[PDB]
Amino acid sequence: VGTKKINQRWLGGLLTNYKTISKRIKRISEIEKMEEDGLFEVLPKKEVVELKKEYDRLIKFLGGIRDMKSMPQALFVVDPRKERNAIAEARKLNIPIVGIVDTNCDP
Amino acid sequence: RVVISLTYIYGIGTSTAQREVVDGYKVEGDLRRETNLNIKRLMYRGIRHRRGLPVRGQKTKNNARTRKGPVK
Amino acid sequence: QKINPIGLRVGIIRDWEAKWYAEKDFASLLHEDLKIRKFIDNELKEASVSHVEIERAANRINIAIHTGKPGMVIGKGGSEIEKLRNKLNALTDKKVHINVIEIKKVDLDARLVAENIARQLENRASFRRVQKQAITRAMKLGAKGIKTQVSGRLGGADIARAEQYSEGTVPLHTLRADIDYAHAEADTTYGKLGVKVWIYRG
Amino acid sequence: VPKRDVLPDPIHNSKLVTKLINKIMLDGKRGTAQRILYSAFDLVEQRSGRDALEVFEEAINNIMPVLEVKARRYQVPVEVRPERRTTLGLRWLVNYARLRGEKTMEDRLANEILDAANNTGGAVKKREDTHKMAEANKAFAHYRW
Amino acid sequence: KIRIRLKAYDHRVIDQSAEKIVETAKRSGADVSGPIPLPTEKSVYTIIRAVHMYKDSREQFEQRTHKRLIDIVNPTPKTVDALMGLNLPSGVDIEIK
Amino acid sequence: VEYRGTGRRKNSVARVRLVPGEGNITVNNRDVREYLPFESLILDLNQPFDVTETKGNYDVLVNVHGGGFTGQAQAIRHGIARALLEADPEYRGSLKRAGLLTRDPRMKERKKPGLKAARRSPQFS
Amino acid sequence: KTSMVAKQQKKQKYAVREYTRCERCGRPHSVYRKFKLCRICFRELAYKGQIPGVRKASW
Amino acid sequence: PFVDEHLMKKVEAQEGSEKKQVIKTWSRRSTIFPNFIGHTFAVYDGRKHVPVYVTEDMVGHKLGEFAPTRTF
RNA sequence: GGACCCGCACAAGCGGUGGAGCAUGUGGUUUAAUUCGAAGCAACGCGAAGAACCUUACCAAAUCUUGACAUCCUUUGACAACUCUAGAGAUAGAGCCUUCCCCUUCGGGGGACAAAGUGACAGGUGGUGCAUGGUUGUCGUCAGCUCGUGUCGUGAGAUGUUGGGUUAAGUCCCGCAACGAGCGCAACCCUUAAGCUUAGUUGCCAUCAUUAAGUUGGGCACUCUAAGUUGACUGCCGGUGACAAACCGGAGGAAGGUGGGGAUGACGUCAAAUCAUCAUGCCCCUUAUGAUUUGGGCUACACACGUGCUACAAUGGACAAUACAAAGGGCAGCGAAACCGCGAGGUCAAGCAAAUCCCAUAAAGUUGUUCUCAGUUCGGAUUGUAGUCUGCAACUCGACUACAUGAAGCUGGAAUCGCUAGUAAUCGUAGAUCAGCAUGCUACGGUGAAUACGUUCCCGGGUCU
């Protein structure tokens, strides 16, 4: 649970803000599923290209998770001074942080 | 011409019939004496000859300045 | 100043409540229909009619009322529609035919819940409780959005407020979107409270 | 802001003469303007014997300024573009034809074109007045806008 | 021929009658010309928007009245009997000439 | 022998026909003397016979109503240009470079109910 | 004012003082005599959809 | 137009003897016919009845420019 | 106070207002009240898209009290209409019965009426929009206003909404404790802009006969008419672009960057407007602040302001001939043709409950004749006479015509308004209200511009600091 610069763009939440980020991963599981019962050209052309942009940004800036069903019990970060908003929630969720110490920050 | 040289002279005007023209109807100031006789016979909408209203109405509300002054 | 979407959508996606051609007479027809609606509004005080659609065919009238409580206009076996049809045959001097239609989702049509918030606010209830129970009982029966605004001397006050409790999508500027609307006055002891219910049934 | 232009009139085939037609029209009447320009050009052809476009091009360059003031808070003699030069020369030609005091507009625009070919009249007086206003404020400013 | 002037307010209820009475005369007759449209000219009512003041904002209400001409040449006894017999528009002006 | 183009601009529709000949525009079969008021400005309607100068030899016979006289003469231009399109399809670039083939959608604009004379706002004091 | 509404629904002494009112309200001015309704009842019954008539402003 | 005088029978009763005092009419729309010269009417000007005397010259005029109500 | 961007907000223009006459509206003043409202933008040709009576509350006089109207009780009851007398009419008084339509045995019941009791009740366009609902202007079609969950801050609050770029846009992309969603922007809606399909009559006349005429024979070719449809979306190419939004240009296309326009006006502000559309809390009058009718009055004038029409002329006035249209209306209504009228209009009357017939000639324009810079051949104000129309009726107080009169006015001071394209200007036409009555309003076409370098400055609004 964590990457280097989960591919990029750690958002403001996704651990302790789960209940409205559950709607995002269920929307990825929605918009993968509703291609097959009729998606193209029963709508206008000016919605399906931003639907493909929503499917691209929900697998690019989210990263690589899809089956995150609840809160994981640990974090595995590499860079703990770029991911300061990632290491600040786990002290409030009572779960330990495991990270490679970079300069002065500690997990 | 002969038609435009008779218009602003009193009596004959613009839509008249046509040195032989020295005769006829009330071309002179006797029509002006007739008009002052009708104004003297009306003096009753002769109480509205000081103001600006005829025998068929005017609605003086904002503009009767033809029978008034500039500022006064 | 927002106009109403029961008026913006006639001739677009919402049909009229008057389906009859008339060319010559017409003001001696339409006012008859207005007097017909001023007989049905009298029964609305109990039996909760939503809207009346008059189908004046050639001489007879196919009046179609849309009530949510249909057992109080139809009687136990057909008596109340027969005395309603005889009083309307007295009061219009044409043939009428009461075609009652039976609607379910009684908390989803805007005349019924606007008249229901009017019957709650005549009984000195609080406006916030009936607004929140109206929008939650209209969302749990299944809709895409309900706005509910009641104006006037709210709670018997002195300064007139106008408070609205909206939830869900109520897209009034989208023209191909079937938005039900009703307003109803409520004659309280401290004046008149005017409700305004805006339901977008998807 | 693209400022699209008009086709040339077919009697004297130039694009400036149709803009002069569009300047001497008043209250939309184009055919009255076509009646008072073409017989005026025939009156300049019958008075001074040469072609009408030749005497019109030697008179429209005498009304055309090269400088103009631009009042601000002051007068800056800024160099003007050739489209503003030709509409200001046409505007001064029509507006100082119209205050001449003669009878018909084929005797009133035509004599003002014949005076502007020989640097006389009130259109070239307006170009000289704009040049005196542009040299009176030349040492004041040449840098503001 | 016989001419009917089939005339309504909205266009949605005039088109079903125009495919109704043409196929009714087609299945029980011969040689019906189709739903000829007329200019369908309207009356526009321009009222002021407000109650007391404010003539600067107004509201416009037009009453469109669509008309379709249907002409039936060489009629049978099956045409005239089923012509006035069949009635489901609920809202148009049927005239028979 | 008959090139039936049509063409409209500004509430004026021209039904032209192109028969081969020397060249004679007959609007409502009369002339171009009594019908069109401008004797000089009938070269608006003689623009596709001068832009596309392969030949200036075409009798246009035309019978249509609508409009005034000037926008009617630009509809004569639009009908002659669409008839020269249907007479020869290699004239299309030669028309299309010099304008002359657009139905220009400038029609007379519709009068606004607040304003006095269709964006002529009635004089705030 | 219901004196004038009951007054104008009566035979008058002249034939040209029989004037026009709205037939549900009592508004004297701007009564459209195609409809015999006033300016506000025509707006209200066109917004409820109980007269045959569309709001369209594309004249 | 055609001169009405709808209350002509109010005058034609009192035509035999001398004219008894004044006669109260409430109609300024009635014209003067030339057979009651000399009669004294009471024209209602809205406020009260003002008496008028029909002398000789007002035989085309109605009873309405006489007894004005515009005052000043 | 700054930065930045945008709107006819200035510049660049074009045409007005303010100067004159007239129409309309308001204030002031006045009468017996000149009905009551609207009051910087956001009042002032507005509610009023119809002031002779009616509308009409206001005002003078004559008048009535459960009443002009609504419901219920009692008696009677198929109501009454039309004539005559008085009166200004409302109304009283006679002539006179229209006199059970559903129905029971005679007496009933009872759609529906008249009178009495004057009983409950009404009635109020009386007051407060600063008690209200409903409806609407306004910033402003400006792009804003917020919420769920999570975070930060002890809090109030902030993040989302900010920073970079772009756009008409909080439009979209990138970066980012934010991720989404709602109302608003954007179309989905209508109209216009091109072709196809469908269908040719009253519409249109290719091809032909034919006539005063597309008016009939024929046909639906084209225009047209309208329900479907395809089409315009930065979708293709090239460059600038962070390789992303976006911009610029070209092809194609009838239409190029929300194509033009309308509808649509977020959260809210102004205790903004409406107790006079209606409904309504409370107060007040209830033989008056209710009611009917006649006659005034809203239609006054020593003035001032706002809107608008007509002019001050030669790019024009007058006269003669001639062309081209869109949109709309019409059953007591639209009034063809023809006759007689100088003319408003009348006599007689075809056709049409509308693509048929009528309003309906549009006018400016074009071609001629004439006038030749004047207070005129400009204007048509004011006033007199004679008329037409509509209406029981033109006096206060209607429109129009004819003849005469021809008053200010020769492009308007400081200042000020509208408008970015079929727009400004100018010219007519049609509707609504309407018995008649517009220079107003709404709507339609004809001819038809010049400009916009810029946005520094004057106002108004938005973003962050």
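Numbers in chain G track Swiss-Prot; the residues on display, in order, are 3-61.
Every residue, even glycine, has its Cβ placed from backbone N, Cα and C.
Taken from Swiss-Prot as is:
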type: BINDING; residues: G:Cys24, G:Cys27, G:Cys40, G:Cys43; note: Zn(2+) binding site
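It is G:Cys27, among the binding-site residues G:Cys24, G:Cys27, G:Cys40, G:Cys43, whose Cβ has the fewest other Cβ atoms within 10 Å in the structure shown. The Cβ centroid of G:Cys24, G:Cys27, G:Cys40, G:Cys43 marks the Zn(2+) site; residues of that chain outside this set whose Cβ lies within 8 Å of it are G:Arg23, G:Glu25, G:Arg26, G:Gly28, G:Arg29, G:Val33, G:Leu39, G:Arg41, G:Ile42, G:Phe44, given in sequence order. Annotation note: G:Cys27 (Zn(2+) binding site) sits in a coil segment as assigned by DSSP. Following the DSSP three-state reduction, the secondary structure of G:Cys43 (Zn(2+) binding site) is helix.
In this set, none of the binding-site residues among G:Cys24, G:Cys40, G:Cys43 has a C-beta falling under 8 Å from a C-beta of chain C.
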